[PDB]
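Fold and contact review
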Amino acid sequence: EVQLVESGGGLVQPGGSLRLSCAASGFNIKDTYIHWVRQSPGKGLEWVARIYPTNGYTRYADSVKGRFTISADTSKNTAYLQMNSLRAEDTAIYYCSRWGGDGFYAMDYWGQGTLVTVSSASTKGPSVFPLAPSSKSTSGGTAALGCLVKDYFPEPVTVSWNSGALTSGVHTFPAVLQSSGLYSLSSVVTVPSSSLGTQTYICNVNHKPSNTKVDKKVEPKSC
Amino acid sequence: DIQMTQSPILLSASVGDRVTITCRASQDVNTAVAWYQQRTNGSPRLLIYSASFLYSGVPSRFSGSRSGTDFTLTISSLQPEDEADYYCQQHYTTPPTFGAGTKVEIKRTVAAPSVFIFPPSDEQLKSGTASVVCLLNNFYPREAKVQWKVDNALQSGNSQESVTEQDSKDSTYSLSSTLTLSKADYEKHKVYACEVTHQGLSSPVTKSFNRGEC
Amino acid sequence: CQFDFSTXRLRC
Amino acid sequence: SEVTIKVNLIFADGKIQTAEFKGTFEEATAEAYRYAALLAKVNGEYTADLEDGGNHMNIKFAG
Amino acid sequence: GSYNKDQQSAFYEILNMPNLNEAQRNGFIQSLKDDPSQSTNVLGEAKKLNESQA
Ligand SMILES: OC[C@@H](O)[C@@H](O)CO
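Method of structure determination, per the deposited record: X-ray crystallography was used for this entry, reaching 1.88 Å resolution.

The name the PDB entry gives chain E is Immunoglobulin G binding protein A, with Staphylococcus aureus as the organism.

The name that the PDB entry assigns to chain A is MEMAB TRASTUZUMAB, HEAVY CHAIN, with the source organism given as Homo sapiens.

**Some points on the overall build of chain A**
Looking only at helices and strands, chain A features zero helices and 20 strands. Dimensions of chain A, computed from the C-alpha atoms along their principal axes, are close to 70 × 40 × 25 Å. Contacts spanning at least 24 positions in sequence make up 59% of the contacts within chain A whose residues lie at least 6 apart.

**Here's the deal with the site of the ligand**
Taken together, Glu155, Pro156, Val157, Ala175 and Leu185 of chain A together with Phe5 and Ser6 of chain C are the residues near the ligand. Mapping the residues adjacent to the ligand onto the chains of the assembly identifies chains A and C. Within the side chain of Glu155 of chain A, an N or O atom sits 2.8 Å from an oxygen atom of the ligand. Take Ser6 of chain C: an N or O atom from its side chain is 2.6 Å from an oxygen atom of the ligand. Within the complex, the protein chains bury 76% of what would otherwise be the 250 Å² of accessible surface of the ligand. Partitioned by chemical class, the residues of the shell around the ligand number five nonpolar, one polar and one charged.

**What about the interface of chain C and chain B?**
Accessible area lost upon the coming together of the parts serves often as the stated size of an interface. On the chain B side, the residues contacting the nine residues of chain C number 16 residues. Among the elements that line the side of chain C that touches chain B, the one with the most residues is strand β2 (residues 9–11) of chain C, at three residues.

**Brief notes about the state of the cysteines**
What makes a disulfide is a covalent bond joining the sulfur atoms belonging to two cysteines. Residues and elements named next belong to chain B. On inspection of all chains with the given rule, the structure shows six disulfides over all chains. Between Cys23 and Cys88 runs a disulfide, and the two sulfur atoms are separated by 2.1 Å. On the sign convention where negative means left-handed, the S-S torsion of about 65° between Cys23 and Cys88 marks this disulfide as right-handed. With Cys23 in strand β3 (residues 19–25) and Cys88 in strand β9 (residues 84–90), the pair connects residues that are 65 residues apart, well separated along the chain. With respect to class, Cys23 is no different from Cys88; both count as buried. With its sulfur 2.0 Å from that of its partner, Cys134 forms a disulfide with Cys194. Judged by the sign of its S-S torsion, about -65°, the bond between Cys134 and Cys194 is left-handed. Note that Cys134 is positioned in strand β13 (residues 129–139) and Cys194 in strand β18 (residues 191–197), a separation of 60 residues in sequence.

**A few points about the sheet that holds strand β15 (residues 153–154) of chain B**
All names here are of chain B. Taken in spatial order, the four strands make up an open sheet running β15-β14-β18-β19, and their pairing is antiparallel. Since the sheet does not close on itself, it has two edges, and those belong to β15 and β19 (205–210), each with one partner. Pairing of β18 with β19 involves six bridges; the strand directions are antiparallel. Opposite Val196, over in β19, you have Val205 as the bridge partner.

**Details of the interface of chain A and chain B**
On the side of chain B, 46 residues touch chain A, which itself brings 44 residues to the contact. At the boundary of chain A with chain B, total buried surface from both sides reaches about 3800 Å², with 63% on carbon and sulfur atoms. Applying the counting rule to chain A against chain B returns one salt bridge. One salt bridge connects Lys221 of chain A with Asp122 of chain B, and the closest N-O pair in it is separated by 3.5 Å. On the surface where chain A and chain B come into contact, there are 16 residue pairs in polar contact. A class-by-class count of the residues in the side of chain A that touches chain B yields 24 nonpolar, 12 polar and eight charged.

**Quick look at the arrangement of the chains**
Taken together, the six pairs of chains in contact show their highest number of contacts between chains A and B. Chain A shows no contact with chain D. Their nearest C-alpha atoms sit 16 Å apart. Across all C-alpha pairs, the smallest distance from chain C to chain E is 27 Å, and the two are not in contact.

**Overview of the environment of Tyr57 of chain A**
Residues and elements named next belong to chain A. Looking at where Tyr57 falls in the secondary structure, it is placed in strand β6 (residues 57–60). For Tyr57, a relative accessible area of 60% translates into the label exposed. Ignoring any residue separated from it by four or fewer positions in sequence, one finds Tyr57 in contact with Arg50, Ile51 and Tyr52.

**A few points about the sheet that holds strand β12 (residues 114–118) of chain B**
Residues and elements named next belong to chain B. Strand order in the open sheet formed by four strands is β12-β13-β17-β16, and the pairing between neighbours is antiparallel. The outermost strands of the open sheet, each flanked by one partner alone, are β12 and β16 (159–163). Averaged over all pairs of adjacent strands, the angle between their axes in this sheet comes to 15°, without regard to strand direction. Pairing geometry for β12 and β13, over five bridges, is antiparallel. The residue of β13 that forms the bridge with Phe118 is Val133.

**Some details on the domain arrangement of chain A**
Residues and elements named next belong to chain A. Taken as a whole, chain A is organised into domain 1 (1–120) and domain 2 (121–220). One C-alpha centre belongs to domain 1, the other to domain 2, and the line joining them spans 33 Å. Across the contact, five residues belong to domain 1 and six residues belong to domain 2. Both faces combined, the contact of domain 1 with domain 2 buries some 410 Å², and carbon together with sulfur accounts for 63% of it. Looking at the side of domain 1 facing domain 2, the largest losses of area belong to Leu11, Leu115 and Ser120, adding up to 74% of the total buried there. Where domain 1 meets domain 2, there are zero salt bridges. Viewed at the interface, domain 2 and domain 1 are joined by one residue pair in polar contact. Taken together, the residues that form the side of domain 1 that touches domain 2 break down as two nonpolar, three polar and no charged.

**Brief notes about the pattern of salt bridges**
The full count for this structure, using the stated rule, is 26 salt bridges over all chains. The closest approach of N and O atoms between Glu165 of chain B and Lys103 of chain B, which form a salt bridge, is 2.9 Å. Within this pair, whereas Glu165 of chain B is found in the loop between β16 and β17 (173–182), its partner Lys103 of chain B is found in strand β11 (residues 102–107), the two being separated by 62 residues in sequence. Note that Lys47 of chain E is salt-bridged to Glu13 of chain E, the shortest N-O span being 3.5 Å. Residue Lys47 of chain E is located in helix α3 (residues 39–52), and its partner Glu13 of chain E is located in helix α1 (residues 5–16); the two are separated by 34 residues in the primary sequence. A single network of salt bridges, built from pairs that share partners, joins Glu83, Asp85, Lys103 and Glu165 of chain B together with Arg9 of chain C.

Rules behind the numbers
Residues numbered from 1 in each chain as written, not as in the entry; some residues may be left out. Chains lettered and ligands numbered in written order. Heavy atoms only, no water. Residues with missing side-chain atoms left out of burial classes, pairs and counts. Helix = DSSP H or I, 4+ residues; strand = E, 2+ residues; numbered from the N terminus. Contact = heavy atoms within 4.5 Å. Near = heavy atom within 4 Å. Polar contact = N/O pair within 3.5 Å; in protein donor to acceptor, adjacent residues only side chain to side chain. Areas by Shrake-Rupley, 256 points an atom, 1.4 Å probe, with all protein chains shown as cover. Nonpolar A, V, L, I, M, F, W, Y, C, P; charged D, E, K, R; others polar. Disulfide = S-S within 2.5 Å. Buried < 20%, exposed > 50% of the residue type's maximum accessible area, 1.4 Å probe, protein only. Pairing = 2+ DSSP bridges. Buried area = accessible area lost by both parts, 1.4 Å probe. Salt bridge = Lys/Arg side-chain N within 4 Å of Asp/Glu carboxyl O. Axes fitted to C-alpha atoms, helices over the stretch in contact; angles between N-to-C directions. Domains from an automatic or database assignment.

So, in structure tokens, the structure goes:
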């Protein structure tokens, strides 16, 4: 199986430097072009740079020339993007992709992508609060409950339920940027009313930028 | 540089419909045009390359064509899992460039939301802030009005909404509206109410609680 | 329509 | 300025799709008509009924 | 790896820039190592950052 895995993305101050890696497996990067492509609210999908590891030839987008460099280590089957003099406009998901693989003249595999956030704001871990099921969150024999993941920076956070064993009926809402400059989101799940009190429900919250990992048991309130 | 212009920006159609989206290059790109799909939480995925050729594993209901500098992507029989954004990309000249995308949504029957409300947690109340959450589950279409009232006074400027993308199983939406107050303000008022207006309801639905009640 | 990191989707 | 033209696409078999075009009024207009003409190749001659001063269109295809 | 006298020169200029912090200085040096074809562009962007941080 062909795979590309980006790593290295994170919060960086304007003017700062970051280095991304793109680890390839299932093919040899000597046989293809490797590209970096980014995706942002402001510019959508935007090509950044490419390299042909066989001969080392590179090309760059005008907007990153001089500030970014692309390179590759064929012995580690890995490509890199050095990112200097960073600006707000560089905030984006960075993907690596291959081109010309197996004779296909398109980008036929893309990695999951890694988020780069260019900001002077500080890292902050979320508080995780229960959304307890109650007489006000049930109807038709089913009940809603959840977790409120509040006041974190930067993105991303991940939320799962019962260590990923619970997926049916889950809605994890898009993160919202609050006026404070911090993010917040809720994740809810709908379950049988009759399961409350017998089945344990835990939301697993991870905010890697702050090394925050919370497992929150959510249950009906006391009275 | 070459620009790629995609139309329409949004297209909504029923399961089984034939849908066509378009991409225009600002100058000759030969056939060097690819189409990508991006599903919710996903990376771009290759569908069509060299204007008209289907990538391996892509369903045969997808097809592409070229006429001069005009390119089309067609889905012959729209499936629920085709709900996604679609992007075209030319690789004829450097820099390779992408279109702005076309969002494709699924039409389905009207469904009223299930409406629920959650007081601030006691845990949160230990700090100085209260979040009150109103939840609208599994409704269609997306349009919905959610208004907050506190002791019957209409609230404004102190809530935020978030809406999921269409569900993979039933093509519905869900929405959260979060009302944020100081602890002090929350403890000063009694009745917290979310009022929901939606096409599937015969009249607006109010869900409420009194602070302090179990 | 505008791309959102959180969903990896255009929002219109 | 930036406007959104909302379009109903009404096909001869009664099926209905909806679409949006954004840009200046003049650009969005042109793109809507261009898209209509393209669909007309497969779905038959189109007719376009403008309402809301041009900002909403009903486009019916003859089949 | 080894370098020619031009490459060595670009290194020397960045090494000496008084208004870069050490993260920036080494990021740019890394770029010179990454892609020799970009030496002039990289030097130019280092100069601009150095000047703006005077
Ligand atoms: O990519 C993970 C994203 O869904 C969360 O960070 C919420 O935005």
